[PDB]
Amino acid sequence: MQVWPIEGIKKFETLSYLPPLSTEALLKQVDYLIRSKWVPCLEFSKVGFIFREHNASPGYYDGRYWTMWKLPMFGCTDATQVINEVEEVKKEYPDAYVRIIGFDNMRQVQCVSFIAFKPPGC
Amino acid sequence: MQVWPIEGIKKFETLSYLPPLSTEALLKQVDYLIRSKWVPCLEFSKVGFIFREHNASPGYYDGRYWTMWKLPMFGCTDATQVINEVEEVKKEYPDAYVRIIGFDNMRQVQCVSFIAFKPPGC
Amino acid sequence: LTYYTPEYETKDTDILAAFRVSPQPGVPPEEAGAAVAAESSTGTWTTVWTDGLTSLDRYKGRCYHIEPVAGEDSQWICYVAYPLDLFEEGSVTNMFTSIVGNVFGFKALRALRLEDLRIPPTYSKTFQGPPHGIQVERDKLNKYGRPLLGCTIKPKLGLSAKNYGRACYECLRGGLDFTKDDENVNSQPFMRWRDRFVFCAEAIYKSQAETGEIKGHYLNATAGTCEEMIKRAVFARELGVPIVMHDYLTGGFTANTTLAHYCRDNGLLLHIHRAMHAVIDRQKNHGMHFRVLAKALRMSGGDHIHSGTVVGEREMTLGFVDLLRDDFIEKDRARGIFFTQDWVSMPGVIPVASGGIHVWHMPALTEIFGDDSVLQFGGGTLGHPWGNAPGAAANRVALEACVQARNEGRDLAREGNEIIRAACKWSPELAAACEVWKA
Amino acid sequence: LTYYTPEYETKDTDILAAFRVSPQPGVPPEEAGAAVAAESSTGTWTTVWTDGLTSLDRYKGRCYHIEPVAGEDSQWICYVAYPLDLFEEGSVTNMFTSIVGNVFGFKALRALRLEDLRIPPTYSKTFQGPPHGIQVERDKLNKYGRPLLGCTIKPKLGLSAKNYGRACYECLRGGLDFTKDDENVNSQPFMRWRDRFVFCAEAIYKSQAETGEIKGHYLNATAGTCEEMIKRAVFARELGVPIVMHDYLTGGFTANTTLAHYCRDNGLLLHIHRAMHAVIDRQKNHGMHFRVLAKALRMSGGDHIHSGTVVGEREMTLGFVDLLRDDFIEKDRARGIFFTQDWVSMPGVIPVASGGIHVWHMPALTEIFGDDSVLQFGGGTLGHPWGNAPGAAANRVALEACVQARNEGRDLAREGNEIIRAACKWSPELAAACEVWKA
Amino acid sequence: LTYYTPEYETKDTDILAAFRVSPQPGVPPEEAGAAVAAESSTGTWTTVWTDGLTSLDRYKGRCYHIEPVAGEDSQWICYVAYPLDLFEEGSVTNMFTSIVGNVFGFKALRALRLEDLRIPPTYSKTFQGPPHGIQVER
Ligand SMILES: [Mg+2]
Ligand SMILES: [Mg+2]
């Protein structure tokens, strides 16, 4: 019998219960966006998780938005371009979380979000 | 005339005004559960006390729930089994509080709670 | 006569009453019993034509059994059955009006006491009952496996609201679960209620933050009018505190039931004080036994109720404490339980023992009431030579020592003094309390 | 007769109904179809003079098409058109009263089932629809690219509110998005609703603070009266929690629509449970198909709806799941879609799969419903040998492994067992779940 | 199995249900009735440790009587007893949710009909009932 840990394993929604994705595995998830005709975009943050500081009415949370890294990569056909930008963020913000999101211009919404980098030490 | 201390003696409800219970004394309290046909269970936490962070309406407090260690020990007939698990928690979570609770499947409620281990340094 | 029906089989929907009847000389038990039945139901002095527009038999109270009282040659228990249809749903007020409204003045009786009521499930299910009850209260307060501990602030009148709250903080910080407003403390010239509520809230939150344990103060909402009573509960609600108080006999059942509903709707615990009960429940020959008033409270609604000192008769107390706490209580004449009582899962009420008790009583009190009780001091904390916080700590230590000893299998009735003496060795607060109060 | 009009061109404002009609022997489809039309509209047994004060033709239901049912020699689909003016705006109640209120008792029929309704845009635009709907819900919860996961707490009845909330915290902390109140859990003697709401809120906020992900518990607001239903939603609103629940068929459409409006006005998600649906929707020859009840819910309003287990007929489920989620659904008889349905931008409802599912079902469920679904366990979490939090983690891991594999281009229908087996190598929680449940 | 209890004496506080049960071929009547009782109350597809935190016997529906139906073959009337504590006072909504919310969809039944309910006084007294009723109306 193992006890589920109570610390050190805060989560980032989809795919964050998997072992951290290798470069190969990340590339395949970005390729899924491209094949789906969804637009990749990077976000980053120094704060990893949801909280409630400014209001606490139903459906209001803080920390849902992170900060956009540059612009959505419209017309990206090469997953390696996305992974390269992840390294650029890591370079400029060594202790930031980075996630990859995806925009569906057909149902007009954000439709993907998954963690690409977590600072170790966190 | 002695002054009741204002710090360093935060409490954990029943039996926490007694000197910390020895292994012998703890065993006797677990035996009381078993004799009563109550089910022992361990809980643990890195935060020892009640607080109010998410709401403050009457009867709402945070920190009442701790985390369950494994499962209730149904059919336990040997107090030493319970005390051994206390050592297992202490091993995996050196700086956690641990308490022993007891479930009454007849009046259908939790009916016991007492502190088994407090991290020194706290 | 026609109201004495000794062959009647009680219905599972009847309200049953056991009356201790003391007839005038020359009045046999049977027409005394029949008079109680007719006078507390359909009996009237002359015939009336409107009786023929209905079937009076369906609304008759019936005396269905009579037994002699031990040690008395002129006292009987008369059992009376009342139909369910007589009673307004959810109203303790109407239940008392219908049963005890008229018959206690009957001239053929020297004296009359109502000893017990069988409240059928069909009727009790029309009542809310306790806003929370024993189990919910322990879960809300995160308190298990021991009696709860309280202290009533004294002097009842004298203090400024601030000085009052100071005493509350010192009691609570030393290890009591609760402090309480004296029954007399409502709102008065030198301590207006809203001021008292603010300072007691500051005290509750200071002591809770200091100790890490949940704390409360029974804030008295008893008032002259319903509007004022509810204004007081509303402010307690705003302050977010866990418990309020009501004097249910002097405020009355209509007001109490209103307050119990407000407390259910707003998550407040309700501590009930029984001021004036001995005007009604003291004399063995006349009035109503407290177990009747206790059942009525459980129906109207409260989470705690003052239940004595047991420091009366042990067996009678144990009797109505079961009626207050348990789901099913079998008839047991030795314990004053005249009827089997089934509460069909209405929550129980925590009995509160108070009145002149100190650390040396802790073994006996723990043994008598067990865990689901409040032990309420008031002199036994504020009378400690080192002040309130040490007095509280002394009581908390004594209690936990008794609980530890009991759980280990030790007999509290025989070993209590030794248990307390052993705790004095490591608790200077308890040692100090033990030399002022002596036994 | 005059109600069978096979040359009628349906109007874009008509409500259309497809009835599966089983006439008595001797009754041809055409007067059965015409009887359905007249009996669910203007048909009456004798002539009346007031008919001459209006133009009855304008309010006639018309049977405009009849086709045989495959495998049956005495069953037909009869299509009926109803004018827009028959219907009260914004009222599912009146839509059902008008269409299914009377005709199911007609003696010339052996049995009758309503299979489908064409809800025209002119009519659906008079309804609020879902308080939020699929896209808004994902944005509010910050959850993208996978099915949502839930667990129903068991035993439904038995637990104290506190013990209930304990189980919720352990499920949520292990990786489920939601926990849920059993349909039967409203307010009952041993767990009153307001107590349950307080402890479930403590649990939601503890698990959210621990994991960093948004959590909810479907708090059941279903009640005996509208006043009580709304009191329950109001307290959820006070607590700031994200989602409440309603049993829309047993509470009913007037109450559901009221609750959907309250949830829109206050930012609450609304989880809809379909208790009692099989009383109506099970038998192929009589009643109403669930796709009718599903469209009605989308109109009345809900953000989630229980939609089965798919572990019925695949194609029929896929059919009404599209009717629940999509903006435009083309007629498709293989999938039970009798009419083209255009929702003109009314939000969709998330279908919820529940009932006896465990980790080995995850590939199939993910493949059937795709991302916009809730997979609801209840046995498959609380039955894990290591308890609730590991059971939740096992389900969350299995799901994310399936999603990762699917996104990579792997076929879930063929490779699901291998996908799950590969995840067991690094997830001891999943490995443990996989040896208890077997396939 | 454990939900068929033909020696059970019904309590005066129980809600009783009479179901017309049509089992699938090969499903014995006693299993069907037990299933109707287990599926309209406590029946859960796997064991859960939380059952040990309570006494489930207290909340079990029980099938206490089964009998064949003359006019038919493969139809039985099954009687089910539900404890009072399952039900929210004054709520017909909860009464139906509890009794007919789930069992009509059970795979092992071809068909199910609820024919009657014994509403005990202890439950009906929690309802207003008619605003006026026959006599007041006249
Ligand atoms: Mg006093
Ligand atoms: Mg359910």
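- Judging from the entry metadata, X-ray crystallography is the method by which this structure was determined, and 1.781 Å is the reported resolution.

## Concerning the interface of chain A and chain B
Working step 1: Contacts between the two partners involve six residues from chain A and, on the opposite side, eight residues from chain B.
Working step 2: Of the roughly 670 Å² buried between chain A and chain B on both sides combined, carbon and sulfur atoms contribute 70%.
Working step 3: The largest contributions to the chain A side of the interface with chain B come from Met 1, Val 3 and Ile 6 of chain A, which together make up 81% of the buried area.
Working step 4: For the pair chain A and chain B, the interface holds one salt bridge.
Working step 5: The partner of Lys 46 of chain B in a salt bridge is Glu 7 of chain A, with the nearest N and O atoms 2.9 Å apart.
Working step 6: Here chain A and chain B share two residue pairs in polar contact between them.
Working step 7: Among the residues forming the side of chain A that touches chain B, the class breakdown is five nonpolar, no polar and one charged.

## Considering the coordination of the magnesium ion (ligand 1)
Around a metal, the idealised angle for a tetrahedral arrangement of four donor atoms is 109.5 degrees; for an octahedral arrangement of six donor atoms it is 90 or 180 degrees.
Working step 1: Within the protein, the magnesium ion (ligand 1) binds to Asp 182 of chain C (OD) and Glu 183 of chain C (OE); these donor distances fall in the range 2.1 to 2.5 Å.
Working step 2: Given a relative accessible area of 3%, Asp 182 of chain C falls into the buried group.

## What to know about the interface of chain D and chain A
Working step 1: Chain D puts 46 residues into the contact, and the matching count from chain A is 38 residues.
Working step 2: Of the roughly 3,600 Å² buried between chain D and chain A on both sides combined, carbon and sulfur atoms contribute 53%.
Working step 3: Seen at the junction of chain D and chain A, the total is three salt bridges.
Working step 4: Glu 13 of chain A serves as the salt-bridge partner of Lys 143 of chain D, at 2.8 Å between the closest nitrogen and oxygen.
Working step 5: For the side of chain D that touches chain A, the secondary structure elements donating two or more residues are helix 4 (134-141), helix 5 (161-174), helix 6 (193-211), helix 14 (388-407) and helix 16 (428-436) of chain D.
Working step 6: The leading source of residues in the side of chain D that touches chain A is helix 14 of chain D, at 11 residues.
Working step 7: By residue class, the composition of the side of chain D that touches chain A is 17 nonpolar, 14 polar and 15 charged.

## A word on the side chain of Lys 295 of chain D
All names here are of chain D.
Working step 1: If you trace the backbone, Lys 295 turns up in helix 11 (residues 290-300).
Working step 2: Of the polar contacts made by the side chain of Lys 295, one reaches the side chain of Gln 341; its length is 2.9 Å.
Working step 3: Apart from the residues lying within four places of it in its own chain, the contact partners of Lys 295 are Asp 116, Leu 117, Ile 119, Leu 323, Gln 341 and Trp 343.

## Description of the UniProt feature "active site" in chain C
All names here are of chain C.
Working step 1: In the numbering used here, UniProt assigns the "active site" feature to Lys 154 and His 273.
Working step 2: Its location among the elements puts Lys 154 in the loop between strand 5 (148-152) and helix 5 (161-174).
Working step 3: Take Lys 154: its relative accessible area is 39%, and that puts it in the partly exposed class.
Working step 4: Setting aside anything within four residues of it in sequence, one finds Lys 154 in contact with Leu 159, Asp 182 and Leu 382.
Working step 5: Looking at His 273, the relative accessible area reads 10%, which means it is buried.

## Concerning the pattern of salt bridges
Any two side chains of opposite charge can pair, on the condition that their charged atoms come close.
Working step 1: Within this structure, the stated rule accounts for 78 salt bridges over all chains.
Working step 2: Here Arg 396 of chain D ties to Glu 13 of chain A by a salt bridge, and the two come within 3.9 Å at their closest N and O atoms. Of this pair, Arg 396 of chain D sits in helix 14 while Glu 13 of chain A sits in the segment before helix 1 (23-35), on two different chains.
Working step 3: Among the ionic pairs, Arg 173 of chain C bridges to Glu 170 of chain C, the shortest N-O distance being 2.9 Å. With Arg 173 of chain C and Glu 170 of chain C both in helix 5 and three residues apart, this pair spans about one turn of that helix.
Working step 4: Take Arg 173 of chain C: its relative accessible area is 5%, and that puts it in the buried class.
Working step 5: When its relative accessible area of 25% is taken as the criterion, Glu 170 of chain C is described as partly exposed.
Working step 6: Counted as one network, the salt bridges with shared partners bring together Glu 13 of chain A together with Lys 143, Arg 146, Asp 177, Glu 213, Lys 215, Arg 396 and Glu 400 of chain D.

## Observations regarding the pairing of strand 1 (residues 15-23) of chain E
Residues and elements named next belong to chain E.
Working step 1: Within strand 1, eight of the nine residues are buried, leaving the element largely enclosed by the surrounding structure.
Working step 2: Across seven bridges, the pairing between strand 1 and strand 3 (residues 76-82) is antiparallel. Residue pairing in the sheet places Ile 15 in a bridge with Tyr 82 of strand 3.
Working step 3: Taken together, the eight bridges between strand 1 and strand 4 (residues 109-118) define a ladder with antiparallel strand orientation. When the bridges of strand 4 are listed, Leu 16 appears paired with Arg 118.

## Here's the deal with a nonpolar patch on the surface
Working step 1: A grouping of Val 48, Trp 49 and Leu 53 of chain C is seen on the molecular surface, where their side chains present a nonpolar patch of about 370 Å² in accessible area.
Working step 2: Looking at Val 48 of chain C, the relative accessible area reads 36%, which means it is partly exposed.

## Quick look at the environment of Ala 221 of chain D
All names here are of chain D.
Working step 1: Mapped onto the secondary structure, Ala 221 falls in the loop between strand 7 (216-220) and helix 7 (226-239).
Working step 2: Between the C-alpha atoms of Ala 221 and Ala 18, which are 203 residues apart in sequence, the distance is 34 Å.
Working step 3: Other than its neighbours up to four places away in sequence, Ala 221 contacts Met 229, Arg 232, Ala 233 and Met 245.

## Things to note about the relation of the copies chain A and chain B
Working step 1: When chain A is fitted to chain B, the best match, at an RMSD of 0.0 Å, comes from turning it 90° and sliding it 0.0 Å along the axis. Read as a symmetry element, the transformation amounts to a four-fold axis. Among all C-alpha atoms of chain A, that of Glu 53 of chain A lies closest to the rotation axis, at 7.6 Å.

## Notes on the packing of aromatic side chains
Working step 1: Applying the stated criterion to the full structure yields 50 aromatic pairs over all chains.
Working step 2: Look at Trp 193 of chain D and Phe 235 of chain D: their rings are 6.1 Å apart centre to centre, the planes differ by 75°, and that puts the pair in the edge-to-face class. Pair noted here: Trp 193 of chain D is in helix 6 and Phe 235 of chain D is in helix 7, with a separation of 42 residues, a long-range link. Taken as a pair, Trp 193 of chain D and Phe 235 of chain D share a single burial class, namely buried.
Working step 3: Here the aromatic cluster, defined as three or more aromatic residues joined through ring pairs, consists of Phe 12, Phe 49, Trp 66 and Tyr 97 of chain A.

Thresholds, definitions, all that
Shown numbers run from 1 along every chain as its sequence is written, which may differ from how the entry numbers residues; residues without coordinates are omitted from display. Chains carry letters and ligands carry numbers; both start at the beginning, A for chains and 1 for ligands, and go up in the order they are written. Each value given relates to the chains shown, not to the larger assembly they are part of. Hydrogens and water are ignored here; the side-chain numbers use all heavy atoms of the structure. By definition in these notes, contact holds between two residues if any of their heavy atoms fall within 4.5 Å. Note on terms: buried area is the combined drop in 1.4 Å-probe accessible area of two parts once they are placed together, counting the loss on both. A carboxyl oxygen of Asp or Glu within 4 Å of a side-chain nitrogen of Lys or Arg is what we treat as a salt bridge. By the criterion applied in these results, polar contacts are pairs of N or O atoms within 3.5 Å in which, for protein atoms, one can donate a hydrogen and the other can accept it, and in which residues neighboring in sequence qualify only through two side-chain atoms. Residues are grouped as follows: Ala, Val, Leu, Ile, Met, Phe, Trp, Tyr, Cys and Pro are nonpolar; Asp, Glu, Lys and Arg are charged; all remaining types, including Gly, are polar. Water is absent from the atoms considered, so a metal site may look incomplete; donors are defined as N, O and S atoms within 2.8 Å of the metal, or 3.2 Å for Na, K and Ca. Classification of residues uses two cut-offs on accessible area relative to the type maximum, computed with a 1.4 Å probe and protein chains only: under 20% is buried, over 50% is exposed, and between them is partly exposed. Think of it this way: any DSSP run of H or I at least four residues long counts as a helix, any run of E at least two long counts as a strand, and we number them from the N terminus. UniProt positions are given in the numbering used here, feature names are shortened, and annotations may be inferred rather than shown by experiment. Note on pairing: two strands pair once DSSP finds at least 2 bridges between them. What makes a patch is a set of residues exposed beyond 30% relative accessible area and free of salt bridges, joined within 9 Å when like-charged and within 5 Å when nonpolar (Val, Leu, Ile, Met, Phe, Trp, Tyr). To measure how exposed things are, a 1.4 Å probe is used in the Shrake-Rupley method; for residues, cover is taken only from the protein chains shown. Between copies, superposition is a least-squares fit restricted to the C-alpha atoms. Stacked, edge-to-face and tilted labels apply to pairs of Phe, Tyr and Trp rings (six-membered ring for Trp) whose centres lie within 6.5 Å, assigned for plane angles under 30 degrees, over 60, and everything in between, in that order.

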